[PDB]
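**Student:** Input file: coords21.cif. Contents: mmCIF, C-alpha atoms.
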```
data_input
#
loop_
_atom_site.group_PDB
_atom_site.id
_atom_site.type_symbol
_atom_site.label_atom_id
_atom_site.label_comp_id
_atom_site.auth_asym_id
_atom_site.auth_seq_id
_atom_site.Cartn_x
_atom_site.Cartn_y
_atom_site.Cartn_z
ATOM 1 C CA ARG A 1 23.036 2.497 -39.153
ATOM 2 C CA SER A 2 22.894 1.234 -35.505
ATOM 3 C CA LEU A 3 23.028 -2.472 -36.580
ATOM 4 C CA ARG A 4 26.234 -1.780 -38.642
ATOM 5 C CA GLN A 5 27.717 0.304 -35.766
ATOM 6 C CA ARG A 6 27.197 -2.727 -33.400
ATOM 7 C CA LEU A 7 28.526 -5.330 -35.932
ATOM 8 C CA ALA A 8 31.576 -3.022 -36.521
ATOM 9 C CA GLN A 9 32.689 -3.482 -32.832
ATOM 10 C CA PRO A 10 35.137 -6.464 -32.566
ATOM 11 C CA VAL A 11 34.563 -8.978 -29.693
ATOM 12 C CA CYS A 12 35.221 -6.873 -26.596
ATOM 13 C CA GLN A 13 38.094 -8.171 -24.409
ATOM 14 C CA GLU A 14 37.023 -5.599 -21.717
ATOM 15 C CA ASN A 15 33.563 -7.364 -21.503
ATOM 16 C CA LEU A 16 32.634 -10.818 -20.031
ATOM 17 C CA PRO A 17 31.821 -13.660 -22.569
ATOM 18 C CA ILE A 18 28.339 -14.648 -21.247
ATOM 19 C CA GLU A 19 24.962 -15.346 -22.988
ATOM 20 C CA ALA A 20 22.486 -12.402 -22.614
ATOM 21 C CA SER A 21 19.925 -14.545 -20.650
ATOM 22 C CA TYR A 22 22.405 -14.651 -17.697
ATOM 23 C CA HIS A 23 23.436 -10.919 -17.663
ATOM 24 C CA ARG A 24 20.853 -9.857 -14.983
ATOM 25 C CA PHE A 25 21.762 -12.656 -12.510
ATOM 26 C CA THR A 26 25.519 -12.017 -13.074
ATOM 27 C CA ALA A 27 25.202 -8.239 -12.415
ATOM 28 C CA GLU A 28 22.744 -8.441 -9.434
ATOM 29 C CA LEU A 29 24.766 -11.143 -7.579
ATOM 30 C CA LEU A 30 27.326 -8.450 -6.498
ATOM 31 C CA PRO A 31 24.631 -6.225 -4.769
ATOM 32 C CA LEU A 32 22.908 -9.410 -3.429
ATOM 33 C CA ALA A 33 26.189 -10.851 -2.007
ATOM 34 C CA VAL A 34 27.047 -7.464 -0.358
ATOM 35 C CA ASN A 35 23.530 -7.164 1.165
ATOM 36 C CA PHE A 36 23.726 -10.819 2.412
ATOM 37 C CA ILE A 37 27.228 -10.245 3.973
ATOM 38 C CA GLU A 38 25.855 -7.072 5.719
ATOM 39 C CA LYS A 39 22.565 -8.763 6.886
ATOM 40 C CA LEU A 40 24.744 -11.671 8.207
ATOM 41 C CA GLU A 41 24.610 -10.513 11.882
ATOM 42 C CA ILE A 42 20.757 -10.148 11.542
ATOM 43 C CA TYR A 43 20.250 -13.603 9.878
ATOM 44 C CA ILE A 44 22.242 -15.289 12.707
ATOM 45 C CA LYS A 45 19.692 -13.795 15.200
ATOM 46 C CA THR A 46 16.791 -15.080 12.985
ATOM 47 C CA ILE A 47 18.304 -18.616 13.055
ATOM 48 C CA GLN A 48 18.621 -18.260 16.878
ATOM 49 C CA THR A 49 14.811 -17.386 16.926
ATOM 50 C CA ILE A 50 13.738 -20.388 14.704
ATOM 51 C CA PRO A 51 13.337 -22.314 18.066
ATOM 52 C CA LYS A 52 10.422 -19.886 18.936
ATOM 53 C CA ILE A 53 8.244 -20.817 15.920
ATOM 54 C CA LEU B 1 32.983 -11.949 10.093
ATOM 55 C CA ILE B 2 36.154 -9.952 11.069
ATOM 56 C CA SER B 3 36.404 -12.223 14.215
ATOM 57 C CA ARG B 4 36.254 -15.030 11.608
ATOM 58 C CA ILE B 5 38.804 -13.727 9.004
ATOM 59 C CA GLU B 6 41.560 -12.455 11.444
ATOM 60 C CA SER B 7 42.180 -16.091 12.515
ATOM 61 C CA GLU B 8 41.195 -17.891 9.284
ATOM 62 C CA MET B 9 43.866 -15.850 7.353
ATOM 63 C CA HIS B 10 46.926 -18.155 7.939
ATOM 64 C CA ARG B 11 44.972 -20.953 6.189
ATOM 65 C CA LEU B 12 42.472 -18.827 4.169
ATOM 66 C CA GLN B 13 44.636 -16.785 1.848
ATOM 67 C CA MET B 14 42.349 -14.011 0.509
ATOM 68 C CA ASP B 15 43.191 -10.846 -1.477
ATOM 69 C CA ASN B 16 41.753 -7.319 -0.832
ATOM 70 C CA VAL B 17 38.144 -6.090 -1.471
ATOM 71 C CA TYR B 18 39.289 -2.745 -3.011
ATOM 72 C CA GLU B 19 42.231 -3.070 -5.456
ATOM 73 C CA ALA B 20 43.677 -0.318 -7.720
ATOM 74 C CA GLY B 21 40.400 1.616 -6.930
ATOM 75 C CA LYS B 22 38.137 -1.253 -8.245
ATOM 76 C CA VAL B 23 36.097 -3.927 -6.325
ATOM 77 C CA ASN B 24 37.519 -7.491 -6.456
ATOM 78 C CA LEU B 25 34.456 -9.745 -7.047
ATOM 79 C CA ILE B 26 36.521 -12.908 -6.256
ATOM 80 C CA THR B 27 37.239 -11.481 -2.743
ATOM 81 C CA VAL B 28 33.490 -10.612 -2.299
ATOM 82 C CA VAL B 29 32.520 -14.233 -3.235
ATOM 83 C CA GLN B 30 35.289 -15.554 -0.872
ATOM 84 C CA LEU B 31 33.735 -13.372 1.932
ATOM 85 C CA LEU B 32 30.215 -14.707 1.101
ATOM 86 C CA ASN B 33 31.686 -18.266 1.201
ATOM 87 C CA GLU B 34 32.609 -17.837 4.942
ATOM 88 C CA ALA B 35 29.502 -15.694 5.758
ATOM 89 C CA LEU B 36 27.316 -18.636 4.544
ATOM 90 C CA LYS B 37 29.505 -20.901 6.804
ATOM 91 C CA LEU B 38 28.053 -19.017 9.791
ATOM 92 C CA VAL B 39 24.430 -19.640 8.560
ATOM 93 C CA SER B 40 24.929 -23.450 8.029
ATOM 94 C CA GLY B 41 26.731 -23.668 11.420
ATOM 95 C CA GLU B 42 23.865 -21.862 13.236
ATOM 96 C CA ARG B 43 21.252 -24.092 11.441
ATOM 97 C CA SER B 44 23.246 -27.129 12.761
ATOM 98 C CA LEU B 45 22.547 -25.784 16.334
ATOM 99 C CA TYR B 46 19.061 -24.118 16.094
ATOM 100 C CA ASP B 47 17.360 -25.355 12.831
ATOM 101 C CA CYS B 48 18.336 -29.070 12.888
ATOM 102 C CA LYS B 49 15.436 -29.893 10.419
ATOM 103 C CA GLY B 50 14.530 -26.893 8.232
ATOM 104 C CA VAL B 51 11.451 -25.382 9.977
ATOM 105 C CA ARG B 52 8.388 -24.751 7.740
ATOM 106 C CA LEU B 53 5.943 -21.838 8.124
ATOM 107 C CA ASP B 54 2.437 -23.167 7.268
ATOM 108 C CA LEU B 55 1.132 -20.943 4.438
ATOM 109 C CA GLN B 56 -2.357 -22.622 4.521
ATOM 110 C CA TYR B 57 -2.811 -21.911 8.273
ATOM 111 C CA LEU B 58 -1.521 -18.320 7.686
ATOM 112 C CA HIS B 59 -3.885 -17.733 4.711
ATOM 113 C CA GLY B 60 -6.708 -19.555 6.630
ATOM 114 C CA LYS B 61 -6.476 -17.196 9.672
ATOM 115 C CA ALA B 62 -5.957 -14.157 7.343
ATOM 116 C CA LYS B 63 -9.224 -15.132 5.546
ATOM 117 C CA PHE B 64 -11.083 -15.805 8.839
ATOM 118 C CA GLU B 65 -9.928 -12.485 10.442
ATOM 119 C CA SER B 66 -11.080 -10.755 7.183
ATOM 120 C CA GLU B 67 -14.467 -12.482 7.778
ATOM 121 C CA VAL B 68 -14.445 -11.334 11.522
ATOM 122 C CA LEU B 69 -13.577 -7.790 10.326
ATOM 123 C CA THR B 70 -16.461 -8.083 7.775
ATOM 124 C CA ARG B 71 -18.984 -9.471 10.375
ATOM 125 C CA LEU B 72 -18.076 -6.604 12.782
ATOM 126 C CA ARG B 73 -18.600 -4.123 9.856
ATOM 127 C CA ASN B 74 -21.972 -5.729 8.948
ATOM 128 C CA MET B 75 -23.268 -5.649 12.599
ATOM 129 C CA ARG B 76 -21.915 -2.093 13.074
ATOM 130 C CA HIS B 77 -23.474 -0.826 9.792
ATOM 131 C CA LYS B 78 -26.856 -2.640 10.414
ATOM 132 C CA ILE B 79 -26.992 -0.858 13.816
ATOM 133 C CA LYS B 80 -26.356 2.417 11.812
ATOM 134 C CA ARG B 81 -29.108 1.903 9.094
ATOM 135 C CA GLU B 82 -31.882 -0.331 10.504
ATOM 136 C CA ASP B 83 -31.792 -0.256 14.345
ATOM 137 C CA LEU B 84 -30.804 3.363 15.245
ATOM 138 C CA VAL B 85 -33.003 4.772 12.396
ATOM 139 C CA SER B 86 -35.996 2.758 13.737
ATOM 140 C CA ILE B 87 -35.220 3.967 17.312
ATOM 141 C CA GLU B 88 -34.510 7.691 16.570
ATOM 142 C CA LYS B 89 -37.655 7.941 14.364
ATOM 143 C CA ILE B 90 -39.963 6.319 16.997
ATOM 144 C CA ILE B 91 -38.442 8.625 19.687
ATOM 145 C CA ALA B 92 -38.954 11.779 17.559
ATOM 146 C CA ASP B 93 -42.528 10.706 16.510
ATOM 147 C CA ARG B 94 -43.380 10.158 20.258
ATOM 148 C CA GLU B 95 -41.945 13.616 21.195
ATOM 149 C CA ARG B 96 -43.738 15.421 18.278
ATOM 150 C CA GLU B 97 -47.140 13.900 19.280
ATOM 151 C CA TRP B 98 -46.481 14.782 22.978
ATOM 152 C CA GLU C 1 13.173 -17.180 3.827
ATOM 153 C CA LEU C 2 15.121 -15.536 6.692
ATOM 154 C CA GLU C 3 13.283 -12.196 6.084
ATOM 155 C CA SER C 4 9.957 -14.154 6.401
ATOM 156 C CA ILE C 5 11.005 -16.109 9.534
ATOM 157 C CA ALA C 6 12.019 -12.749 11.105
ATOM 158 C CA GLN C 7 8.645 -11.225 10.006
ATOM 159 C CA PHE C 8 6.765 -14.295 11.394
ATOM 160 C CA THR C 9 8.398 -13.899 14.851
ATOM 161 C CA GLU C 10 7.878 -10.068 14.909
ATOM 162 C CA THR C 11 4.216 -10.251 13.671
ATOM 163 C CA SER C 12 3.396 -13.155 16.068
ATOM 164 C CA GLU C 13 4.674 -11.179 19.109
ATOM 165 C CA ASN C 14 3.050 -7.881 17.880
ATOM 166 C CA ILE C 15 -0.390 -9.649 17.660
ATOM 167 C CA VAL C 16 0.214 -11.147 21.182
ATOM 168 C CA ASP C 17 0.813 -7.539 22.478
ATOM 169 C CA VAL C 18 -2.094 -5.819 20.541
ATOM 170 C CA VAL C 19 -4.744 -8.313 21.810
ATOM 171 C CA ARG C 20 -3.257 -7.884 25.358
ATOM 172 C CA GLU C 21 -3.718 -4.077 25.233
ATOM 173 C CA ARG C 22 -7.326 -4.605 23.941
ATOM 174 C CA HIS C 23 -7.912 -6.752 27.092
ATOM 175 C CA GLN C 24 -6.000 -4.612 29.680
ATOM 176 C CA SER C 25 -6.148 -0.928 28.518
ATOM 177 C CA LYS C 26 -8.969 1.130 30.147
ATOM 178 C CA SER C 27 -12.669 0.339 32.263
ATOM 179 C CA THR C 28 -11.466 -2.270 29.687
ATOM 180 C CA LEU C 29 -13.602 -3.509 26.758
ATOM 181 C CA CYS C 30 -13.831 -6.936 28.482
ATOM 182 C CA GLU C 31 -15.129 -5.183 31.680
ATOM 183 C CA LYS C 32 -17.580 -2.618 30.132
ATOM 184 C CA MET C 33 -19.167 -5.209 27.783
ATOM 185 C CA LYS C 34 -20.017 -7.392 30.864
ATOM 186 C CA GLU C 35 -21.291 -4.343 32.823
ATOM 187 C CA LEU C 36 -23.569 -3.559 29.802
ATOM 188 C CA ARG C 37 -24.614 -7.262 29.392
ATOM 189 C CA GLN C 38 -25.542 -7.699 33.081
ATOM 190 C CA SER C 39 -27.868 -4.652 32.817
ATOM 191 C CA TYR C 40 -30.014 -6.480 30.162
ATOM 192 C CA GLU C 41 -29.678 -9.883 31.916
ATOM 193 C CA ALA C 42 -31.146 -8.006 34.969
ATOM 194 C CA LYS D 1 32.378 -1.103 -14.484
ATOM 195 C CA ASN D 2 35.070 -0.748 -11.745
ATOM 196 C CA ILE D 3 35.588 -4.515 -11.041
ATOM 197 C CA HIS D 4 39.206 -5.602 -10.350
ATOM 198 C CA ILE D 5 40.183 -8.147 -13.068
ATOM 199 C CA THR D 6 43.537 -9.978 -13.439
ATOM 200 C CA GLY D 7 44.764 -10.932 -16.948
ATOM 201 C CA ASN D 8 42.695 -12.922 -19.510
ATOM 202 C CA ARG D 9 38.865 -12.799 -18.980
ATOM 203 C CA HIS D 10 38.630 -16.634 -19.260
ATOM 204 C CA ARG D 11 41.393 -16.948 -16.544
ATOM 205 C CA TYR D 12 39.401 -14.567 -14.281
ATOM 206 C CA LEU D 13 36.206 -16.628 -14.883
ATOM 207 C CA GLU D 14 38.220 -19.833 -14.119
ATOM 208 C CA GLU D 15 39.093 -18.524 -10.592
ATOM 209 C CA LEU D 16 35.622 -16.985 -9.959
ATOM 210 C CA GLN D 17 34.136 -20.402 -11.002
ATOM 211 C CA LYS D 18 36.310 -22.124 -8.287
ATOM 212 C CA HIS D 19 34.583 -19.859 -5.681
ATOM 213 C CA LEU D 20 30.980 -19.958 -7.065
ATOM 214 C CA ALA D 21 31.627 -23.772 -6.874
ATOM 215 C CA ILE D 22 31.663 -23.068 -3.082
ATOM 216 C CA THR D 23 28.686 -20.587 -2.996
ATOM 217 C CA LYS D 24 26.204 -22.965 -4.739
ATOM 218 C CA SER D 25 27.628 -25.838 -2.612
ATOM 219 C CA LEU D 26 26.867 -23.647 0.474
ATOM 220 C CA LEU D 27 23.268 -22.933 -0.579
ATOM 221 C CA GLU D 28 23.232 -26.802 -0.771
ATOM 222 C CA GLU D 29 24.456 -26.608 2.946
ATOM 223 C CA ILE D 30 21.737 -23.985 3.881
ATOM 224 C CA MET D 31 18.437 -24.394 1.886
ATOM 225 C CA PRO D 32 15.663 -26.309 3.801
ATOM 226 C CA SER D 33 13.025 -28.350 1.846
ATOM 227 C CA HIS D 34 10.496 -25.534 2.645
ATOM 228 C CA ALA D 35 12.660 -22.453 1.793
ATOM 229 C CA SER D 36 10.144 -21.420 -0.950
ATOM 230 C CA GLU D 37 6.963 -21.824 1.230
ATOM 231 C CA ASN D 38 8.753 -19.768 3.937
ATOM 232 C CA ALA D 39 9.897 -17.115 1.352
ATOM 233 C CA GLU D 40 6.315 -16.940 -0.136
ATOM 234 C CA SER D 41 4.610 -16.474 3.296
ATOM 235 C CA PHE D 42 6.435 -13.071 3.680
ATOM 236 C CA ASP D 43 3.478 -10.830 2.700
ATOM 237 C CA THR D 44 0.586 -13.166 3.782
ATOM 238 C CA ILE D 45 1.976 -12.686 7.347
ATOM 239 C CA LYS D 46 1.825 -8.856 6.861
ATOM 240 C CA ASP D 47 -1.752 -8.930 5.477
ATOM 241 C CA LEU D 48 -2.852 -11.099 8.479
ATOM 242 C CA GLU D 49 -1.235 -8.425 10.740
ATOM 243 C CA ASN D 50 -2.877 -5.621 8.689
ATOM 244 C CA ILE D 51 -6.334 -7.271 9.047
ATOM 245 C CA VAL D 52 -5.850 -7.934 12.845
ATOM 246 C CA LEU D 53 -4.657 -4.306 13.424
ATOM 247 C CA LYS D 54 -7.972 -3.223 11.733
ATOM 248 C CA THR D 55 -10.016 -5.810 13.759
ATOM 249 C CA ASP D 56 -8.803 -3.885 16.865
ATOM 250 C CA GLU D 57 -10.109 -0.617 15.340
ATOM 251 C CA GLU D 58 -13.381 -2.368 14.354
ATOM 252 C CA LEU D 59 -14.066 -3.970 17.783
ATOM 253 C CA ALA D 60 -13.349 -0.469 19.193
ATOM 254 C CA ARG D 61 -15.741 1.102 16.550
ATOM 255 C CA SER D 62 -18.446 -1.560 17.237
ATOM 256 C CA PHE D 63 -18.742 -1.502 21.059
ATOM 257 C CA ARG D 64 -18.718 2.368 20.997
ATOM 258 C CA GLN D 65 -21.874 2.003 18.782
ATOM 259 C CA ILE D 66 -23.504 -0.777 20.950
ATOM 260 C CA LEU D 67 -23.329 1.728 23.878
ATOM 261 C CA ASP D 68 -25.201 4.246 21.595
ATOM 262 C CA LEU D 69 -27.765 1.508 20.671
ATOM 263 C CA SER D 70 -28.399 0.752 24.411
ATOM 264 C CA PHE D 71 -28.801 4.465 25.345
ATOM 265 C CA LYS D 72 -31.151 5.051 22.350
ATOM 266 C CA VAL D 73 -33.281 1.893 23.076
ATOM 267 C CA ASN D 74 -33.714 3.027 26.702
ATOM 268 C CA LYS D 75 -35.068 6.490 25.565
ATOM 269 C CA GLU D 76 -37.593 4.673 23.261
ATOM 270 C CA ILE D 77 -38.908 2.685 26.297
ATOM 271 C CA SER D 78 -38.813 5.591 28.862
ATOM 272 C CA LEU D 79 -40.871 7.893 26.526
ATOM 273 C CA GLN D 80 -43.354 4.989 26.063
ATOM 274 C CA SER D 81 -43.559 4.507 29.886
ATOM 275 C CA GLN D 82 -44.066 8.275 30.527
ATOM 276 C CA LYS D 83 -46.916 8.385 27.933
ATOM 277 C CA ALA D 84 -48.820 5.597 29.797
ATOM 278 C CA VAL D 85 -48.786 7.575 33.128
ATOM 279 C CA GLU D 86 -49.917 10.753 31.287
ATOM 280 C CA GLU D 87 -52.951 8.816 29.814
ATOM 281 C CA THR D 88 -53.975 6.952 33.051
ATOM 282 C CA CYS D 89 -53.800 9.994 35.397
ATOM 283 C CA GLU D 90 -56.273 12.903 34.856
ATOM 284 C CA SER D 91 -54.917 15.384 32.250
ATOM 285 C CA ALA D 92 -55.844 18.265 34.651
ATOM 286 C CA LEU D 93 -53.696 16.722 37.474
ATOM 287 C CA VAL D 94 -50.793 15.919 35.049
ATOM 288 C CA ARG D 95 -51.159 19.569 33.853
ATOM 289 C CA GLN D 96 -50.833 20.700 37.514
ATOM 290 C CA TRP D 97 -47.567 18.672 37.840
ATOM 291 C CA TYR D 98 -46.015 19.995 34.602
ATOM 292 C CA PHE D 99 -47.457 23.435 33.648
ATOM 293 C CA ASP D 100 -49.544 25.324 36.300
ATOM 294 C CA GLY D 101 -46.257 26.076 38.190
ATOM 295 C CA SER D 102 -45.068 28.039 35.063
ATOM 296 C CA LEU D 103 -48.153 29.730 33.491
ATOM 297 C CA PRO D 104 -48.629 33.330 32.377
#
```
Let me see the file written as structure tokens.

**Tutor:**
Amino acid sequence: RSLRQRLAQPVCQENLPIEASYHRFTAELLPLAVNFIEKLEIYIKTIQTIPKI
Amino acid sequence: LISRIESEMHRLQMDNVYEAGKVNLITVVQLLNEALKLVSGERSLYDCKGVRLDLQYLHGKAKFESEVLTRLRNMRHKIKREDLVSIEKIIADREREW
Amino acid sequence: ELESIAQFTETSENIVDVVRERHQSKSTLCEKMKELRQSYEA
Amino acid sequence: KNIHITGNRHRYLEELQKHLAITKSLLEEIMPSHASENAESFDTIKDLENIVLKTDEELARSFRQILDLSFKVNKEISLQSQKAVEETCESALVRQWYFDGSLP
């Protein structure tokens, strides 16, 4: 009943055509990119403290 | 990154982050693509090699401090089972014969 | 990587403050242990 | 959910691809040969700090017991010294020091 109700849904033009193995990395890259753009002014201070090591 | 974009703009055409009430992922990746071009620039001034943290030194001192912390616990517990129990008995057996 | 380089600098300076307080906070451990020692050396 | 998308989904991927073709190329401008060893050290650094912060407690637990050991040892010797005087002097004279000043 569920298997037929998934097969009965024609290829969704509101979705992204991507293999299921890559779905996690595709979805998480938006949160990860935002967090990296926000941490940017912290990371630049870390790179300026690499000379301490 | 604003102090970047304001005066990249008339070469770096970029669209908005928030468009028709939805987030433009292409604009977020374009922002990341000039955020990362701070990080590579700062490495070219302050990390002109790629500095390595030595994991075997770090784990070696973590192990050895765990062994210091264990030696201190062994001494401190030996004092509190063998030595003080020998001492406090011999004291009380002197006083109760006196 | 940059989280761990930050942590390495913070932890390295924290340890260099903690051992300093163990030497300088009061008498100090480094003082009273030598006062105690010199009693049994005497 | 709530991403801004322009026209055909392949045409949106085509333009996003032209910018991820700069993000991977920038991790190729940013990743040192030791980025993994650095990124793996993260919690070994914190366990070293956690052990050292407990070594401070344990030095401070230990010397506060070595002071007890010293005080206790010295009572064991002083009671042994006292006993030798009380068994080399006459027990009637030692009794006159300790008890005849207090006796009903």

**Student:** Please compute the CA of residue 34 (chain A)-CA of residue 25 (chain B) distance, one decimal, in Å.

**Tutor:**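 For CA of residue 34 (chain A) relative to CA of residue 25 (chain B), the distance reads 10.2 Å.
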
**Student:** Within 7 Å of chain B, which residues of chain D come that close, and what is the closest atom pair and distance in Å for each? Count only C-alpha atoms and give it as a tab-separated table.

**Tutor:**
```
residue	atom	partner	partner_atom	distance
D:2	CA	B:22	CA	4.7
D:3	CA	B:23	CA	4.8
D:4	CA	B:24	CA	4.6
D:16	CA	B:26	CA	5.6
D:19	CA	B:29	CA	6.5
D:22	CA	B:33	CA	6.4
D:23	CA	B:33	CA	5.7
D:26	CA	B:36	CA	6.5
D:29	CA	B:40	CA	6.0
D:30	CA	B:40	CA	5.3
D:32	CA	B:50	CA	4.6
D:33	CA	B:50	CA	6.7
D:34	CA	B:52	CA	5.6
D:37	CA	B:55	CA	6.7
D:38	CA	B:53	CA	5.5
D:41	CA	B:55	CA	5.8
D:44	CA	B:59	CA	6.5
D:45	CA	B:58	CA	6.6
D:47	CA	B:62	CA	7.0
D:48	CA	B:62	CA	4.5
D:51	CA	B:66	CA	6.2
D:52	CA	B:65	CA	6.6
D:55	CA	B:69	CA	5.3
D:58	CA	B:72	CA	6.5
D:59	CA	B:72	CA	6.9
D:62	CA	B:76	CA	5.4
D:69	CA	B:84	CA	6.5
D:72	CA	B:87	CA	6.6
D:73	CA	B:87	CA	6.4
D:76	CA	B:91	CA	5.4
```

**Student:** Residues of chain D within 10 Å of chain A, counting all atoms listed in the file - could you list those as a ChimeraX atom specification?

**Tutor:** /D:1,5,8-10,12-13

**Student:** Written as an MDAnalysis selection string, which residues does the PyMOL selection byres ((chain A) within 9 of (chain B)) give for the file shown?

**Tutor:** chainID A and resid 30 33:34 36:37 40:41 43:44 47:51 53

**Student:** Evaluate the PyMOL selection byres ((chain C and resi 9-13) around 10) against this structure - the residues, as a list in words, please.

**Tutor:**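 With the shown file as input, the PyMOL selection byres ((chain C and resi 9-13) around 10) matches residues 46, 49, 50, 52 and 53 of chain A; 4, 5, 6, 7, 8, 14, 15, 16, 17 and 18 of chain C; 45, 46, 48, 49 and 50 of chain D.
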
**Student:** Would you write out those residues with C-alpha atoms, as a compact mmCIF listing (two decimals), in the coordinates of the input?

**Tutor:**
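So again-v3.txt came out as:
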```
# COMPACT_ATOMS: atom_id res chain seq x y z
CA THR A 46 16.79 -15.08 12.98
CA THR A 49 14.81 -17.39 16.93
CA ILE A 50 13.74 -20.39 14.70
CA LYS A 52 10.42 -19.89 18.94
CA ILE A 53 8.24 -20.82 15.92
CA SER C 4 9.96 -14.15 6.40
CA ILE C 5 11.00 -16.11 9.53
CA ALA C 6 12.02 -12.75 11.10
CA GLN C 7 8.64 -11.22 10.01
CA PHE C 8 6.76 -14.30 11.39
CA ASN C 14 3.05 -7.88 17.88
CA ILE C 15 -0.39 -9.65 17.66
CA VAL C 16 0.21 -11.15 21.18
CA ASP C 17 0.81 -7.54 22.48
CA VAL C 18 -2.09 -5.82 20.54
CA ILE D 45 1.98 -12.69 7.35
CA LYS D 46 1.82 -8.86 6.86
CA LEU D 48 -2.85 -11.10 8.48
CA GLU D 49 -1.24 -8.43 10.74
CA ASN D 50 -2.88 -5.62 8.69
```

**Student:** Rebuild region 89-104 of chain D so that it carries N, CA and C atoms, then output the result as an mmCIF file, in the coordinates of the input.

**Tutor:**
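The result, written out as part-v2.cif:
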```cif
data_model
loop_
_atom_site.group_PDB
_atom_site.id
_atom_site.type_symbol
_atom_site.label_atom_id
_atom_site.label_comp_id
_atom_site.auth_asym_id
_atom_site.auth_seq_id
_atom_site.Cartn_x
_atom_site.Cartn_y
_atom_site.Cartn_z
ATOM 1 N N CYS D 89 -53.458 8.887 34.502
ATOM 2 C CA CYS D 89 -53.800 9.994 35.397
ATOM 3 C C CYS D 89 -54.658 11.060 34.685
ATOM 4 N N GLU D 90 -55.471 11.816 35.435
ATOM 5 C CA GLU D 90 -56.273 12.903 34.856
ATOM 6 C C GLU D 90 -55.388 13.980 34.217
ATOM 7 N N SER D 91 -55.700 14.381 32.981
ATOM 8 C CA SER D 91 -54.917 15.384 32.250
ATOM 9 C C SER D 91 -54.899 16.764 32.922
ATOM 10 N N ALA D 92 -55.855 17.066 33.809
ATOM 11 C CA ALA D 92 -55.844 18.265 34.651
ATOM 12 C C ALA D 92 -54.829 18.171 35.809
ATOM 13 N N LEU D 93 -54.642 16.979 36.382
ATOM 14 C CA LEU D 93 -53.696 16.722 37.474
ATOM 15 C C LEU D 93 -52.259 16.640 36.928
ATOM 16 N N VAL D 94 -52.067 15.948 35.798
ATOM 17 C CA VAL D 94 -50.793 15.919 35.049
ATOM 18 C C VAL D 94 -50.391 17.328 34.587
ATOM 19 N N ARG D 95 -51.359 18.141 34.146
ATOM 20 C CA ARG D 95 -51.159 19.569 33.853
ATOM 21 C C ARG D 95 -50.718 20.366 35.089
ATOM 22 N N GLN D 96 -51.236 20.041 36.272
ATOM 23 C CA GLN D 96 -50.833 20.700 37.514
ATOM 24 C C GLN D 96 -49.427 20.292 37.983
ATOM 25 N N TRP D 97 -48.969 19.074 37.664
ATOM 26 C CA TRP D 97 -47.567 18.672 37.840
ATOM 27 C C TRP D 97 -46.618 19.442 36.915
ATOM 28 N N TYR D 98 -46.963 19.562 35.631
ATOM 29 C CA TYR D 98 -46.015 19.995 34.602
ATOM 30 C C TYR D 98 -46.073 21.484 34.227
ATOM 31 N N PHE D 99 -47.235 22.144 34.324
ATOM 32 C CA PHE D 99 -47.457 23.435 33.648
ATOM 33 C C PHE D 99 -48.044 24.551 34.523
ATOM 34 N N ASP D 100 -48.920 24.254 35.491
ATOM 35 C CA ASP D 100 -49.544 25.324 36.300
ATOM 36 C C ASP D 100 -48.539 26.050 37.217
ATOM 37 N N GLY D 101 -47.395 25.427 37.525
ATOM 38 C CA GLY D 101 -46.257 26.076 38.190
ATOM 39 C C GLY D 101 -45.462 27.064 37.318
ATOM 40 N N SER D 102 -45.843 27.267 36.050
ATOM 41 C CA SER D 102 -45.068 28.039 35.063
ATOM 42 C C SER D 102 -45.897 28.962 34.155
ATOM 43 N N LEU D 103 -47.179 29.197 34.457
ATOM 44 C CA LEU D 103 -48.153 29.730 33.491
ATOM 45 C C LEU D 103 -48.539 31.216 33.687
ATOM 46 N N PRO D 104 -47.957 32.134 32.888
ATOM 47 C CA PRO D 104 -48.629 33.330 32.377
ATOM 48 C C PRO D 104 -49.390 33.009 31.070
#
```
